[PDB]
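Asker: Sequence plus experimental coordinates follow:
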Amino acid sequence: XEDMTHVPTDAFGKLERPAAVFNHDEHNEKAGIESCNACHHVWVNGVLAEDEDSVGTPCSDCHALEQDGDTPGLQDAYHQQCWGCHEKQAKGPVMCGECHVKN
Ligand code: HEM
Ligand code: HEM
Ligand code: HEM
Ligand code: HEM
Ligand SMILES: [As]
Ligand SMILES: [As]
Ligand SMILES: [As]
Ligand SMILES: [Zn+2]
Ligand SMILES: [Zn+2]
Ligand SMILES: [Zn+2]
Ligand SMILES: [Zn+2]
């Protein structure tokens, strides 16, 4: 994903919002994220593997559009991951129009 400049949107069908800006490799370098499983996680039987990751599997392979149990639907997965870290670190966009950029 070194060519990535927005988050993939094909799983959603018709969009309400602009694609979310996300230059994956530059993002992750500026943010200081050193583990891939900060996002590409592996959750098994309610427990998060600390030493594994799911790189190479789309989020949308596990996260349906609808919530399943405590597995978030796909929109909420992205909002909880992305907007959740920004809020926890007090850095990064936290308005709709700073990710979903109209341009
Ligand atoms: C850690 C260094 C890391 C790697 C390696 C990695 C790889 C990776 C690949 C190969 C893809 C698929 C790209 C494609 O389809 O061409 C991908 C996709 C996404 N990633 Fe990633 N990624 C690493 C780390 C991070 C981190 C720390 C985050 C969150 C900040 C992140 C997130 C994403 C997202 C979102 C995508 C798109 C998912 C999809 O549905 O295809 N990755 N990454
Ligand atoms: C792709 C980068 C991706 C995103 C985004 C994502 C988000 C995410 C969130 C925010 C949660 C809630 C719990 C937490 O904050 O970790 C969550 C939950 C689970 N996920 Fe996920 N997830 C992404 C990727 C994937 C992939 C590729 C898988 C399947 C291999 C997967 C699985 C799950 C499961 C299962 C859960 C529920 C865990 C639990 O509470 O039992 N996720 N996802
Ligand atoms: C989830 C896929 C995700 C998105 C989308 C995302 C976007 C995003 C943007 C657009 C920025 C601003 C870039 C700019 O300067 O123009 C930004 C910045 C930060 N992010 Fe982020 N972000 C996503 C996920 C994550 C996660 C999971 C983390 C923490 C683990 C995270 C962290 C940060 C940090 C820190 C920054 C600020 C970088 C800086 O300017 O110092 N983001 N993100
Ligand atoms: C502000 C509260 C806000 C809204 C509103 C919003 C909407 C939203 C929707 C409706 C989707 C589903 C796809 C669609 O367009 O129909 C969606 C998807 C994603 N979002 Fe979002 N979102 C708002 C806030 C934010 C912020 C602050 C971020 C960046 C941290 C962000 C990110 C994302 C991501 C990633 C996705 C999935 C990929 C894509 O649709 O772009 N949202 N959002
Ligand atoms: As680089
Ligand atoms: As929140
Ligand atoms: As809070
Ligand atoms: Zn753009
Ligand atoms: Zn560099
Ligand atoms: Zn790995
Ligand atoms: Zn909050």
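Answerer: Arrived safely, thanks for sending. Numbering: from 1, shown residues only. Ligands and ions are numbered 1, 2, ... in the order given.
Asker: How much space separates the residue positioned nearest the centre of the chain from residue 45?
Answerer: Residue closest to the mean C-alpha point of the chain, counted by C-alpha atoms, centre = their mean, is residue 78 at 4.1 Å. Per C-beta to C-beta, to the nearest Å, residue 78 is found 24 Å from residue 45. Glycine gets a C-beta too; all of them are placed from N, C-alpha and C.
Asker: same check, this time on residue 56
Answerer: Distance of residue 56 to residue 45, given as C-beta to C-beta: 21 Å.
Asker: Contact residues of the chain facing ligand 2?
Answerer: When proximity is defined by C-beta under 6 Å from any ligand atom, the chain lies next to ligand 2 at 39-41, 43, 46, 54, 57, 59, 61-63, 70-72, 77-78, 80-81.
Asker: sec struct for the residue nearest to the centre of the chain, please.
Answerer: Residue 78 falls in the helix class when you classify it by DSSP: H, G, I helix; E, B strand; the rest coil.
Asker: So it versus residue 63, what's the distance?
Answerer: 9 Å.
Asker: near ligand 4, anything from the longest helix seen in the chain?
Answerer: Secondary structure assigned by DSSP state H gives helix 24-31 as the longest helix of the chain. No - using C-beta under 6 Å from any ligand atom, we find that helix 24-31 stays clear of ligand 4, coming within 10.5 Å at best.
Asker: what about residue 74, how many residues close to it?
Answerer: Number of residues near residue 74 (other C-beta atoms under 10 Å) recorded here: 19.
Asker: With adjacent residues omitted, what lies nearest to it?
Answerer: residue 63 (4.4 Å; C-beta to C-beta, 6 or more residues apart in numbering).
Asker: same question, residue 77
Answerer: Nearest to residue 77 is residue 63, by C-beta to C-beta, 6+ apart, at 4.4 Å.
Asker: Number of residues surrounding that neighbour?
Answerer: 19.
Asker: Contacts only, for it.
Answerer: Residue 63 makes contacts with 71-74, 77, as judged by C-beta atoms under 8 Å, 6 or more residues apart in numbering.
Asker: again, 10 Å this time
Answerer: 11, 71-78 (C-beta atoms under 10 Å, 6 or more residues apart in numbering).
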